[PDB]
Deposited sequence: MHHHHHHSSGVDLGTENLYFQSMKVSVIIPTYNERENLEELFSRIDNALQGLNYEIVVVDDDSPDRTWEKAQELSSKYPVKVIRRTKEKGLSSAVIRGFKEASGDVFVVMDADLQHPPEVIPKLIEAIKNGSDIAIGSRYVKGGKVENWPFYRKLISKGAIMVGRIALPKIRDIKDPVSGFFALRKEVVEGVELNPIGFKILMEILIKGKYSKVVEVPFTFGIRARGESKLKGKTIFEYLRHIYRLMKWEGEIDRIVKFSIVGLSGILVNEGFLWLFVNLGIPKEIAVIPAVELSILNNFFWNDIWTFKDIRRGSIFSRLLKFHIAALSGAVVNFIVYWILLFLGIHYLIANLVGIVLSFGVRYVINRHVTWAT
């Protein structure tokens, strides 16, 4: 036997509690389940509805008078729950309790985390327009790319998931976090994660980006970027340095850059292999060298195209030039982190 805590944070949720609880109990009938409801002193009748339903449903109601926030509510729920398996979902019925068996079965089969996912095969998000569905996936893309850990997670931003209690014991999760699932995906202890398709139902970006910056720092990814830029600086030295020498020994300036840029690449790869990424090196050292070349070149292409496009859009050459170097750097790092150094 296992005890299942369905944790549900609430603010102004009322006309949902009756049919929500109805559907949880039917889906979770027989299983030792508890419903933990954290309410941030909502002006809504609720909390008040929830303790009355504590007469007909196993419900433990938490009333926060001087704390607010979706992610902070879930943290508390983790503290107040005695089950072995946690389920987090929303009160507004956008998360269907009928897929909760499918979530817990996935935990039983050996997965530490089970995510109700909109975007895996089978998943749906009805009633949502295509441009709002794009920017969601896309924002998700930025996360999957910036955080290699969650690369394969197609819906890391779900508020609808399940997890084993051991994933969050003794872990400190940011209460200011935008989305709790990713705090768990980054700082949680686990081995397996699975996504479970569900159909999203009927009833900010700069906040999301600061979160990723926080997760990128915590994972040490900001460090990797810092140490990457330092390695690039050395390149500038070895590049210009061998250029001057080359030009002084007769070699024309137009033909001296060619070996000088290449010696800078070799320089930059070397320090990168044995410093920035010494922990995630793999395959041949010649094969990492080959890919690093593809990386430095990819950034050149990205720089060229972005430069010229901005020019056609009317942007100042010096501003188009700066954006084209920045984006070059970004792509060169991403391509290096994911491909050249594939963990």
- Missing segments of the deposited chain sequence, listed N- to C-terminal: 1 to 21, 225 to 234
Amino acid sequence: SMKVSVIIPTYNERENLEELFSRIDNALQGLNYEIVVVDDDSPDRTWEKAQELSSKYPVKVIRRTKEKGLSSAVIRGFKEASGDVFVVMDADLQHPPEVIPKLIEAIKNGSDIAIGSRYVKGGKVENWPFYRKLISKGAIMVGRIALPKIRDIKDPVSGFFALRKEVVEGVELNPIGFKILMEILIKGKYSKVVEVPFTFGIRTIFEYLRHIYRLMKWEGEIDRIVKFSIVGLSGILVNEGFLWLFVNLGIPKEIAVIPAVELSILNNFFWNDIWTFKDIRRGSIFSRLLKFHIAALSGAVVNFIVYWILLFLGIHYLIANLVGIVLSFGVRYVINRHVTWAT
From here on, numbers count along this sequence of modelled residues.
- Unmodelled residue 203 in at least one third of other entries with both flanks present: yes
- Item | 294 to 302 versus 60 to 68 - which carries the larger mean C-alpha B factor in the record | 60 to 68
- Quick note on 245 to 253 and 212 to 220: per-entry mean CA temperature factor is higher in 245 to 253
- Message: So if I compare the CA B-factors in the entry for 164, 187, 179, 144, which one is the largest?
- Response: 179
- Highest CA temperature factor in the entry: which of 226, 88, 85, 202? 202
- residue 131 - which third its CA temperature factor falls in, relative to the rest of the chain: highest
- Query: For residue 2, does the deposited CA B-factor place it in the lowest, middle or highest third of the chain?
  - Reply: highest
- Query: Is the Cα B-factor recorded for residue 284 in the lowest, middle or highest third of its chain?
  - Reply: lowest
- Position of residue 105 among the chain's modelled residues by C-alpha B-factor, lowest, middle or highest third: middle
- Query: Going by what the PDB entry lists, where does residue 96 fall on CA B-factor within its chain: lowest, middle or highest third?
  - Reply: middle
